[PDB]
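Computed from the coordinates by the stated procedures, all read-outs in this text should not be read as laboratory data. Cβ atoms come from the backbone with ideal geometry, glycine included; neighbour counts cover every protein chain shown.
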There are 2 protein chains.
Amino acid sequence: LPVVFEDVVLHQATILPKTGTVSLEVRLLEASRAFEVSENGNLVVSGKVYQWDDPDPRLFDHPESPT
Amino acid sequence: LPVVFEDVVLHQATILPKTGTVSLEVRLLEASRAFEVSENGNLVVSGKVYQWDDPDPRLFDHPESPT
């Protein structure tokens, strides 16, 4: 699956504890091409994710050097 | 449940069939306080819906008429 992300925003940083686990939940809206990651009911990440329909190898050609 | 809608948007109008039925699917992201209604996988309505924490009757008092 070649994927495309857009307008990714990180609202808060989750801190992994030394002992235990943290549960991260992902909810997708296929129609609106929007996603949302949450922890304990608190929004942590949001943006837009959808499949890349027509990949272009041109995109990954290395850009002209700053120097 | 006193509810508050916000930034509601309608993308298309569904034509109720004369014969048969039409099924609408609604999805909520409680963390983002957003909702989407999809018809056959097509976005129809979008916005933000959340519970009204502190209702106040003063809001519904009729504004004085300019005439």
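Can you find a residue in the stretch B:51-67 that is surrounded by 13 or more Cβ atoms within 10 Å (Cβ to Cβ) and either outside any loop (DSSP other than H, G, I, E, B) or touching a residue at least 12 places away in the same chain (Cβ under 8 Å) (or both)? No - not one qualifying residue is present in the stretch B:51-67.
Say whether the condition of being free of Cβ contacts under 8 Å to residues at least 12 places away in the same chain and over 22 Å from B:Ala34 (Cα atoms) is met by at least one residue in the stretch A:23-43. No; the residues of the stretch A:23-43 include none that is free of Cβ contacts under 8 Å to residues at least 12 places away in the same chain and over 22 Å from B:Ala34 (Cα atoms). Only one entry of B:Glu25, B:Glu30, B:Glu36 meets the criterion of being among the charged types (D, E, K, R), under 11 Å from the mean Cα position of the chain (by Cα) and surrounded by 10 or more Cβ atoms within 10 Å (Cβ to Cβ), and that entry is B:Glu36.
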